[PDB]
file query.csv (CSV, N, CA and C atoms)
chain,number,residue,atom,x,y,z
A,1,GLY,N,32.7,-98.0,-22.1
A,1,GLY,CA,32.1,-97.2,-21.1
A,1,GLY,C,32.6,-95.7,-21.2
A,2,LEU,N,33.8,-95.6,-21.7
A,2,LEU,CA,34.4,-94.2,-21.8
A,2,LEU,C,33.8,-93.5,-23.0
A,3,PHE,N,34.1,-94.0,-24.2
A,3,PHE,CA,33.6,-93.4,-25.4
A,3,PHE,C,32.1,-93.4,-25.4
A,4,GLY,N,31.5,-94.3,-24.7
A,4,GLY,CA,30.0,-94.3,-24.7
A,4,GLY,C,29.4,-93.0,-24.3
A,5,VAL,N,30.1,-92.2,-23.5
A,5,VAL,CA,29.7,-90.9,-23.0
A,5,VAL,C,30.2,-89.8,-23.9
A,6,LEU,N,31.4,-90.1,-24.6
A,6,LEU,CA,32.0,-89.1,-25.4
A,6,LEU,C,31.0,-88.6,-26.5
A,7,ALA,N,30.0,-89.4,-26.8
A,7,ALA,CA,29.0,-89.0,-27.8
A,7,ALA,C,28.2,-87.8,-27.4
A,8,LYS,N,28.2,-87.6,-26.0
A,8,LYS,CA,27.5,-86.4,-25.5
A,8,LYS,C,28.1,-85.1,-26.0
A,9,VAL,N,29.4,-85.2,-26.4
A,9,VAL,CA,30.1,-84.0,-26.9
A,9,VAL,C,30.8,-84.4,-28.2
A,10,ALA,N,30.1,-84.9,-29.2
A,10,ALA,CA,30.6,-85.3,-30.5
A,10,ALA,C,29.6,-85.5,-31.5
A,11,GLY,N,29.3,-84.3,-32.5
A,11,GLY,CA,28.2,-84.3,-33.4
A,11,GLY,C,27.2,-83.1,-33.3
A,12,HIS,N,27.0,-82.7,-32.0
A,12,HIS,CA,26.1,-81.6,-31.7
A,12,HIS,C,26.9,-80.4,-31.3
A,13,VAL,N,28.2,-80.6,-30.9
A,13,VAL,CA,29.0,-79.5,-30.4
A,13,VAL,C,29.1,-78.4,-31.5
A,14,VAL,N,29.4,-78.8,-32.7
A,14,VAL,CA,29.5,-77.8,-33.8
A,14,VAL,C,28.2,-77.0,-33.9
A,15,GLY,N,27.1,-77.7,-33.7
A,15,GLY,CA,25.8,-77.0,-33.8
A,15,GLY,C,25.7,-75.9,-32.8
A,16,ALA,N,26.4,-76.0,-31.7
A,16,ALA,CA,26.4,-75.0,-30.6
A,16,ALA,C,27.5,-74.0,-30.8
A,17,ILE,N,28.7,-74.4,-30.9
A,17,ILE,CA,29.8,-73.5,-31.1
A,17,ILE,C,29.6,-72.6,-32.3
A,18,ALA,N,29.0,-73.1,-33.3
A,18,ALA,CA,28.7,-72.3,-34.5
A,18,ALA,C,27.6,-71.3,-34.3
A,19,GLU,N,26.9,-71.5,-33.2
A,19,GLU,CA,25.8,-70.6,-32.9
A,19,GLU,C,26.4,-69.2,-32.4
A,20,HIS,N,27.3,-69.3,-31.5
A,20,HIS,CA,27.9,-68.0,-30.9
A,20,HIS,C,28.9,-67.5,-31.9
A,21,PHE,N,29.5,-68.4,-32.8
A,21,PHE,CA,30.5,-68.0,-33.7
A,21,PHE,C,29.8,-67.7,-35.1
call {"tool": "encode", "arguments": {"input": "query.csv", "output": "structure tokens"}}
result
Amino acid sequence: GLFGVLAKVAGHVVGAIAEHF
């Protein structure tokens, strides 16, 4: 139930952070 949501911030994060950076 925990990690199940962790996916919401694992794989797409870089795609965003790399946008402003």
call {"tool": "atom_distance", "arguments": {"input": "query.csv", "atom1": "atom CA of residue 1 of chain A", "atom2": "atom CA of residue 15 of chain A"}}
result
24.7 Å
call {"tool": "select_by_dssp", "arguments": {"input": "query.csv", "residues": "chain A", "states": "helix (DSSP H, G or I)", "output": "PyMOL selection string"}}
result
chain A and resi 3-9+13-20
call {"tool": "atom_distance", "arguments": {"input": "query.csv", "atom1": "atom C of residue 21 of chain A", "atom2": "atom N of residue 4 of chain A"}}
result
28.6 Å
call {"tool": "atom_distance", "arguments": {"input": "query.csv", "atom1": "atom N of residue 3 of chain A", "atom2": "atom CA of residue 16 of chain A"}}
result
21.5 Å
